[PDB]
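This report concerns only the one structure given below.
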Amino acid sequence: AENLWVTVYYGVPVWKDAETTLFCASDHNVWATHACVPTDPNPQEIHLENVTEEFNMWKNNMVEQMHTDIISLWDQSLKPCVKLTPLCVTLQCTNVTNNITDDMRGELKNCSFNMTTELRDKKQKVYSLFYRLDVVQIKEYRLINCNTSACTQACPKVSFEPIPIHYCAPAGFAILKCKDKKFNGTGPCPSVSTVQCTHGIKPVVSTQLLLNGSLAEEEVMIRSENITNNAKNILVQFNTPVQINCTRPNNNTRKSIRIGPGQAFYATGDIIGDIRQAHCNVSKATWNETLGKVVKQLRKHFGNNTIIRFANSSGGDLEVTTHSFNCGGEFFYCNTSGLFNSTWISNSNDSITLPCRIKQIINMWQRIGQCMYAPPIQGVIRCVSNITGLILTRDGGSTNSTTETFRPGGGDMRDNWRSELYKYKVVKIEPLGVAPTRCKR
Amino acid sequence: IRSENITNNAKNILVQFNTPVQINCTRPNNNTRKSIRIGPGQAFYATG
Amino acid sequence: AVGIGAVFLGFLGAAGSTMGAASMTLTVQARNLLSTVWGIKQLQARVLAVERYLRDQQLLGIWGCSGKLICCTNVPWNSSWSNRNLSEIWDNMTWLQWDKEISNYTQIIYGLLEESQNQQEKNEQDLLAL
Amino acid sequence: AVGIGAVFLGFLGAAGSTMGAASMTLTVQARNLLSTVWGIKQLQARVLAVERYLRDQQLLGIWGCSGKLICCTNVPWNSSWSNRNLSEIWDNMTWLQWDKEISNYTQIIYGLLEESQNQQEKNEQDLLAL
Ligand SMILES: *[C@@H]1O[C@H](CO)[C@@H](O[C@@H]2O[C@H](CO)[C@@H](O[C@@H]3O[C@H](CO)[C@@H](O)[C@H](O[C@H]4O[C@H](CO)[C@@H](O)[C@H](O)[C@@H]4O[C@H]4O[C@H](CO)[C@@H](O)[C@H](O)[C@@H]4O)[C@@H]3O)[C@H](O)[C@H]2NC(C)=O)[C@H](O)[C@H]1NC(C)=O
Ligand SMILES: *[C@@H]1O[C@H](CO)[C@@H](O[C@@H]2O[C@H](CO)[C@@H](O[C@@H]3O[C@H](CO)[C@@H](O)[C@H](O)[C@@H]3O)[C@H](O)[C@H]2NC(C)=O)[C@H](O)[C@H]1NC(C)=O
Ligand SMILES: *[C@@H]1O[C@H](CO)[C@@H](O[C@@H]2O[C@H](CO)[C@@H](O[C@@H]3O[C@H](CO)[C@@H](O)[C@H](O)[C@@H]3O)[C@H](O)[C@H]2NC(C)=O)[C@H](O)[C@H]1NC(C)=O
Ligand SMILES: *[C@@H]1O[C@H](CO)[C@@H](O[C@@H]2O[C@H](CO)[C@@H](O)[C@H](O)[C@H]2NC(C)=O)[C@H](O)[C@H]1NC(C)=O
Ligand SMILES: *[C@@H]1O[C@H](CO)[C@@H](O[C@@H]2O[C@H](CO)[C@@H](O)[C@H](O)[C@H]2NC(C)=O)[C@H](O)[C@H]1NC(C)=O
Ligand SMILES: *[C@@H]1O[C@H](CO)[C@@H](O[C@@H]2O[C@H](CO)[C@@H](O)[C@H](O)[C@H]2NC(C)=O)[C@H](O)[C@H]1NC(C)=O
Ligand SMILES: *[C@@H]1O[C@H](CO)[C@@H](O[C@@H]2O[C@H](CO)[C@@H](O)[C@H](O)[C@H]2NC(C)=O)[C@H](O)[C@H]1NC(C)=O
Ligand SMILES: *[C@@H]1O[C@H](CO)[C@@H](O[C@@H]2O[C@H](CO)[C@@H](O)[C@H](O)[C@H]2NC(C)=O)[C@H](O)[C@H]1NC(C)=O
Ligand SMILES: *[C@@H]1O[C@H](CO)[C@@H](O[C@@H]2O[C@H](CO)[C@@H](O)[C@H](O)[C@H]2NC(C)=O)[C@H](O)[C@H]1NC(C)=O
Ligand SMILES: *[C@@H]1O[C@H](CO)[C@@H](O[C@@H]2O[C@H](CO)[C@@H](O)[C@H](O)[C@H]2NC(C)=O)[C@H](O)[C@H]1NC(C)=O
Ligand SMILES: *[C@@H]1O[C@H](CO)[C@@H](O[C@@H]2O[C@H](CO)[C@@H](O)[C@H](O)[C@H]2NC(C)=O)[C@H](O)[C@H]1NC(C)=O
Ligand SMILES: *[C@@H]1O[C@H](CO)[C@@H](O[C@@H]2O[C@H](CO)[C@@H](O)[C@H](O)[C@H]2NC(C)=O)[C@H](O)[C@H]1NC(C)=O
Ligand SMILES: *[C@@H]1O[C@H](CO)[C@@H](O[C@@H]2O[C@H](CO)[C@@H](O)[C@H](O)[C@H]2NC(C)=O)[C@H](O)[C@H]1NC(C)=O
Ligand SMILES: *[C@@H]1O[C@H](CO)[C@@H](O)[C@H](O)[C@H]1NC(C)=O
Ligand SMILES: *[C@@H]1O[C@H](CO)[C@@H](O)[C@H](O)[C@H]1NC(C)=O
Ligand SMILES: *[C@@H]1O[C@H](CO)[C@@H](O)[C@H](O)[C@H]1NC(C)=O
Ligand SMILES: *[C@@H]1O[C@H](CO)[C@@H](O)[C@H](O)[C@H]1NC(C)=O
Ligand SMILES: *[C@@H]1O[C@H](CO)[C@@H](O)[C@H](O)[C@H]1NC(C)=O
Ligand SMILES: *[C@@H]1O[C@H](CO)[C@@H](O)[C@H](O)[C@H]1NC(C)=O
């Protein structure tokens, strides 16, 4: 009675979840745009009506691809640069005590040593200023990395400034974007569009604080894979940014030492004037208001009468125990202890100053056996940035006490990329379809 | 028995057995290994 | 006639529309299927896309629907695959829901189409023999 | 009806069968033609396979046999190519033997097919012109 027959259609709008490899789109830098395609001046977006999709920020392969690409670019940038093999020698060091304050005592060492020259039968005697974090006693010292591995020096022409990067999918695939505000990264998204590729994402590297990021359009957003489990980090996205001003005030000097044929080592000659600690400033009232918003949002998941505490970091490496970042080529590690120190109970112009340190031997990613020596920057340096989120961890959490304490976290860089690619996913089209129809061939 | 040209003596002969023949061999010296650091992250392993 | 805008459904715009309405824009979807270490991955992706396109075209040609976007066939519709009438399929459903429903009865239909087309080719040859 | 095995001629299983019997399973063979330094060789092999498939498809299309597995043509069979009758070809010989036999009269047949298809297309256009 039905007398229906199979009929084939090619080009039906159907898709399935899939994994693939996306490519560049961008408008001397470590993040090489030379091997990246130009971007379209007028990106196109198609809003899909009546399409409700499923999203999960904690199972996105784009984060893994971004991490791999960033690591590969960082490795590639350092290949054509000098290797500081001859720098593992016996240094003879002395304390620097010329116009120093009470908090910069012992931080700097004036170290002299012997070095090779362009002719392989000659030696020279030179000296440089090193940081206490870089030299370990063997009045004789050695560089910290000498017993682990020899490692290279960043070329002084490449810039560390992040540049936006867009990720565009191949043919036969599509990128779906969730336009639903208040979307907490997991679950169903009623409102969806299709994009050729994503907004410009700056690969900013930092810990304990998200800088130069994107802001929630409505209010503070809290995200966690399993908020009941205390072993999972909590990503907080601010509604408004908090300005932070960091500075190294020492008037540094740079000198070049020829260590071979066409090979130079950039040493810190001397410091002009006084010697003082680098530091950062953040407004007090703005931080208090932001923490008020954060605790108000946290009360939603952890009860309405719970006491919410902010405390110091637990411990570990300097990278994870401190807010670590890079300001114009100099690598800062700073003590965010005046920020996360307070308790909240259910019911002018001064600023918080974070004093902090600088380093030159860097293990950027969580790897052992590869350094990166940062040449000194000449003159005073200052920078300003926006804080637009936090990475928190809940300690303990047992039912014995009704007080919840949160501490800063970080270390893993995948959490930094996850905060930007939370509303995107990749699918692959399935154009072949079959239906009942009343013809017959 | 296989050979490209069995009349020619310059060609090797491949013999495949029907059953295997067990062979047991050992170095019985109780050797010792030590590491010598010859540079930054470079070790040479010697018989102590 | 002035102060009026014109907009066309683009690419996957008909995803939420019914099957009958979505079947009027197959060309926009069809046109989009075709178009040192990183170069290897990019080229691998391109080769994979080409291979997928060629596989789909080969299947279409094997079923005798070569060069057609809509091609109705001779295979009858078994009621076991689905019981819904045309009223509740082409005016009250979308292609994604249909794919979800019929995802477990796909290969047998393909085999039936292949065998049917082989039979038609044999019969056509026999007819032309006379 | 219990205790019976069902086995299908797989891939090149019909290589030893006669031409008529081997011509009933062309689809199983047809479906199988499509599917740092070492990656280059693998990709080269894949590209070569795709190019061979496209060349064969183009040759089929130029003769007017596009989208067909058994396509008959209009070119008469010259007796100089093979004197054997249909009885001793389709029931007493194999495709490999036939290929070995007619391996030296292949290109001229291709050229004749090309010219015939071109003439047919021209005549069809002239007919439609009226
Ligand atoms: C968040 O974003 C903000 C802004 O969006 C970031 O702050 C900006 O940071 C950049 C980079 O530090 C800064 O631009 C520099 O300004 C300096 C002062 O004007 C310039 O001197 C500097 O130019 C030098 O560096 C370039 C490479 O970056 C070279 O191409 C250039 O030739 C200069 O180099 C010469 O000078 C140096 C020093 O003397 C010498 O060693 C060299 O050999 C060479 O001779 C940059 O243009 C912006 O001004 C900052 N913006 C603001 C508003 O302050 C912030 O850093 C971001 N946060 C994070 C965490 O990334
Ligand atoms: C997304 O879904 C909505 C509904 O869920 C779609 O709107 C619906 O569109 C159909 C056809 O355009 C409407 O049917 C019409 O109904 C009237 C009254 O019964 C009838 O006179 C017409 O002949 C026609 O059958 C339906 O009413 C309408 N639904 C609503 C609530 O307005 C919408 O089109 C979908 N989006 C896309 C892009 O297709
Ligand atoms: C491999 O080759 C053998 C023979 O070379 C094939 O077996 C042959 O199969 C055909 C048809 O299946 C048989 O034909 C029969 O001939 C008798 C003659 O009296 C006739 O009465 C029957 O009606 C039928 O036509 C043929 O006898 C048989 N050969 C032998 C020796 O038994 C075999 O099929 C081949 N293998 C494959 C996979 O094709
Ligand atoms: C680091 O030590 C060197 C060597 O002792 C200092 O360089 C000397 O500076 C004095 C004047 O301060 C000169 O008279 C010497 O000739 C310099 N020595 C050489 C070898 O050039 C340098 O001043 C010290 N730097 C600091 C910051 O204390
Ligand atoms: C640079 O090398 C010279 C010699 O090439 C070092 O001077 C020697 O120091 C040792 C102490 O370890 C003395 O026993 C020798 O008598 C010294 N020789 C001479 C000629 O002075 C010098 O100490 C090295 N510089 C540094 C900073 O280690
Ligand atoms: C810090 O945040 C402020 C406010 O979001 C940024 O100022 C905005 O910059 C964008 C540029 O795309 C403008 O479109 C907005 O109008 C600006 N808003 C205001 C209130 O000025 C500022 O650029 C951010 N700083 C950094 C370094 O990213
Ligand atoms: C979120 O984490 C909690 C805590 O681990 C999970 O609940 C635990 O599940 C394990 C599974 O065997 C039990 O042994 C524990 O007793 C549970 N603890 C509590 C406090 O319930 C919970 O299942 C996780 N959420 C999801 C969705 O997996
Ligand atoms: C961080 O804040 C401190 C004050 O808490 C600033 O110190 C002042 O800096 C100005 C620079 O214009 C001087 O004129 C004042 O004399 C300084 N006062 C004190 C008490 O030190 C510091 O400059 C700020 N740094 C940044 C980068 O904003
Ligand atoms: C961070 O630095 C910016 C710029 O140096 C400061 O903004 C200036 O603040 C002064 C004093 O209120 C104003 O007179 C200027 O007009 C401001 N300039 C701009 C561009 O905003 C800001 O106050 C500093 N914040 C902290 C916490 O130190
Ligand atoms: C967070 O605050 C605690 C409490 O002040 C810090 O613990 C101090 O650690 C220093 C070691 O540098 C000791 O000298 C102090 O005595 C400790 N304080 C107390 C009260 O015992 C802790 O170090 C801070 N977190 C970080 C990362 O520095
Ligand atoms: C981060 O800053 C805090 C606050 O200054 C440091 O805690 C102080 O540590 C010193 C040790 O030199 C103690 O004498 C002070 O009593 C501590 N302050 C308080 C309020 O307890 C903390 O040590 C700093 N972090 C690190 C790693 O040194
Ligand atoms: C196997 O090897 C033998 C020995 O070389 C080949 O016979 C020789 O062929 C050469 C060819 O010029 C003659 O000069 C020798 O006099 C031959 N020697 C003998 C003993 O006959 C024989 O041809 C080889 N087999 C094949 C198949 O090539
Ligand atoms: C090879 O054969 C010799 C005997 O010809 C073995 O020597 C004996 O080894 C056993 C080991 O359990 C001893 O208990 C005997 O005392 C040895 N006898 C002599 C005469 O040496 C030798 O162990 C064999 N080796 C292997 C690897 O099988
Ligand atoms: C350098 O100063 C530090 C801090 O005052 C001190 O611990 C160290 O012993 C000094 N070293 C000298 C004078 O060689
Ligand atoms: C290098 O020396 C430091 C301090 O002496 C030590 O902590 C580290 O384990 C050493 N590295 C290796 C590979 O032994
Ligand atoms: C927030 O995340 C949880 C995780 O299980 C999910 O159940 C919930 O639906 C999300 N909220 C919204 C508004 O989607
Ligand atoms: C740093 O020293 C140089 C050389 O004396 C001078 O030209 C420059 O102005 C100084 N910078 C500051 C910020 O004082
Ligand atoms: C932490 O907060 C307490 C308030 O009870 C204050 O006394 C203390 O000075 C604060 N510590 C820092 C390092 O700001
Ligand atoms: C080799 O010497 C070690 C260390 O004395 C010992 O532990 C081990 O048992 C010896 N091996 C044999 C086979 O005797």
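Chain labels A, B, ... are given in the sequence in which chains occur in the structure tokens; within each chain residues are numbered consecutively from 1, and ligands are likewise numbered from 1 in the order shown.
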Using only C-alpha atoms and all ligand atoms, what are the residues with an atom within 10 Å of ligand 1, set out as a ChimeraX atom specification? /A:28-29,156-163,202-206,209-213,244-246,252-254,324-330,375-387
Output C-alpha atoms for every residue in the selection just made, as a PDB file, in the first residue's frame.
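The new file out36.pdb reads:
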ATOM      1  CA  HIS A  28      60.583  39.103  13.225  1.00  0.00           C
ATOM      2  CA  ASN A  29      58.315  37.355  15.732  1.00  0.00           C
ATOM      3  CA  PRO A 156      68.050  39.622  19.850  1.00  0.00           C
ATOM      4  CA  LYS A 157      65.956  40.496  16.759  1.00  0.00           C
ATOM      5  CA  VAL A 158      62.912  38.268  17.337  1.00  0.00           C
ATOM      6  CA  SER A 159      60.111  39.793  19.418  1.00  0.00           C
ATOM      7  CA  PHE A 160      58.093  37.892  22.023  1.00  0.00           C
ATOM      8  CA  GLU A 161      54.948  40.000  21.560  1.00  0.00           C
ATOM      9  CA  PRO A 162      51.855  37.819  20.946  1.00  0.00           C
ATOM     10  CA  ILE A 163      50.084  38.239  17.608  1.00  0.00           C
ATOM     11  CA  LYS A 202      46.633  36.037  21.302  1.00  0.00           C
ATOM     12  CA  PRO A 203      48.931  33.242  22.597  1.00  0.00           C
ATOM     13  CA  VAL A 204      49.636  34.937  25.928  1.00  0.00           C
ATOM     14  CA  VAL A 205      51.721  32.856  28.350  1.00  0.00           C
ATOM     15  CA  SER A 206      51.062  33.461  32.047  1.00  0.00           C
ATOM     16  CA  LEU A 209      46.173  35.206  36.046  1.00  0.00           C
ATOM     17  CA  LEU A 210      44.824  35.510  32.498  1.00  0.00           C
ATOM     18  CA  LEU A 211      46.084  38.650  30.747  1.00  0.00           C
ATOM     19  CA  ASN A 212      44.968  40.439  27.573  1.00  0.00           C
ATOM     20  CA  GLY A 213      42.075  38.006  27.154  1.00  0.00           C
ATOM     21  CA  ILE A 244      47.924  46.113  36.257  1.00  0.00           C
ATOM     22  CA  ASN A 245      51.125  48.139  35.760  1.00  0.00           C
ATOM     23  CA  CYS A 246      54.476  46.320  35.960  1.00  0.00           C
ATOM     24  CA  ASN A 252      70.552  48.263  32.421  1.00  0.00           C
ATOM     25  CA  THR A 253      73.467  48.230  29.978  1.00  0.00           C
ATOM     26  CA  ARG A 254      74.284  45.615  27.333  1.00  0.00           C
ATOM     27  CA  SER A 324      55.059  34.332  35.909  1.00  0.00           C
ATOM     28  CA  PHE A 325      54.943  36.379  32.709  1.00  0.00           C
ATOM     29  CA  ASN A 326      57.121  38.245  30.195  1.00  0.00           C
ATOM     30  CA  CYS A 327      57.172  42.052  29.869  1.00  0.00           C
ATOM     31  CA  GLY A 328      59.055  43.240  26.793  1.00  0.00           C
ATOM     32  CA  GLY A 329      61.614  40.428  26.677  1.00  0.00           C
ATOM     33  CA  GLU A 330      62.250  40.235  30.440  1.00  0.00           C
ATOM     34  CA  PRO A 375      69.599  38.533  26.531  1.00  0.00           C
ATOM     35  CA  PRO A 376      69.315  41.642  28.712  1.00  0.00           C
ATOM     36  CA  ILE A 377      67.127  44.560  27.644  1.00  0.00           C
ATOM     37  CA  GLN A 378      68.698  48.021  27.636  1.00  0.00           C
ATOM     38  CA  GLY A 379      67.129  50.715  29.801  1.00  0.00           C
ATOM     39  CA  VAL A 380      64.055  50.963  31.994  1.00  0.00           C
ATOM     40  CA  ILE A 381      61.028  48.836  31.062  1.00  0.00           C
ATOM     41  CA  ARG A 382      57.348  49.338  31.876  1.00  0.00           C
ATOM     42  CA  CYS A 383      54.143  47.651  30.730  1.00  0.00           C
ATOM     43  CA  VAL A 384      50.404  47.716  31.425  1.00  0.00           C
ATOM     44  CA  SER A 385      47.914  44.872  31.021  1.00  0.00           C
ATOM     45  CA  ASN A 386      44.323  43.810  31.680  1.00  0.00           C
ATOM     46  CA  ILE A 387      43.463  41.007  34.097  1.00  0.00           C
TER      47      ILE A 387
END
8 Å from ligand 16 is the threshold here; counting only C-alpha atoms and all ligand atoms, which polymer residues fall inside it? Answer as a count of residues only. 12
Any residue with an atom at most 7 Å from ligand 8 counts, using only C-alpha atoms and all ligand atoms. Which are they? Put them as a ChimeraX atom specification. /A:245-247,279-281,350-351,353,382
Could you please select, counting only C-alpha atoms, the residues of chain A within 7 Å of chain C and state them as a count of residues only? 23
Output as an MDAnalysis selection string the set of chain B residues within 9 Å of chain A, with distances taken over only C-alpha atoms. chainID B and resid 39:42
Output N, CA and C atoms of each residue in that selection to a file, as a PDB file, in the first residue's frame.
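Wrote it out as out.pdb, contents follow:
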ATOM      1  N   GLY B  39      80.305  15.888  29.856  1.00  0.00           N
ATOM      2  CA  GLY B  39      79.871  17.203  29.455  1.00  0.00           C
ATOM      3  C   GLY B  39      78.508  17.533  30.027  1.00  0.00           C
ATOM      4  N   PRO B  40      77.930  18.665  29.613  1.00  0.00           N
ATOM      5  CA  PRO B  40      76.583  19.007  30.090  1.00  0.00           C
ATOM      6  C   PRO B  40      75.534  18.049  29.547  1.00  0.00           C
ATOM      7  N   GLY B  41      74.987  17.211  30.422  1.00  0.00           N
ATOM      8  CA  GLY B  41      73.996  16.231  30.012  1.00  0.00           C
ATOM      9  C   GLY B  41      74.516  15.202  29.031  1.00  0.00           C
ATOM     10  N   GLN B  42      75.744  14.722  29.228  1.00  0.00           N
ATOM     11  CA  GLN B  42      76.333  13.696  28.375  1.00  0.00           C
ATOM     12  C   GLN B  42      77.120  12.725  29.241  1.00  0.00           C
TER      13      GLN B  42
END
May I have all residues of chain D that DSSP, computed from the backbone, assigns to helix (DSSP H, G or I), given as a PyMOL selection string? chain D and resi 11-15+19-22+26-30+37-62+86-88+95-101+107-129
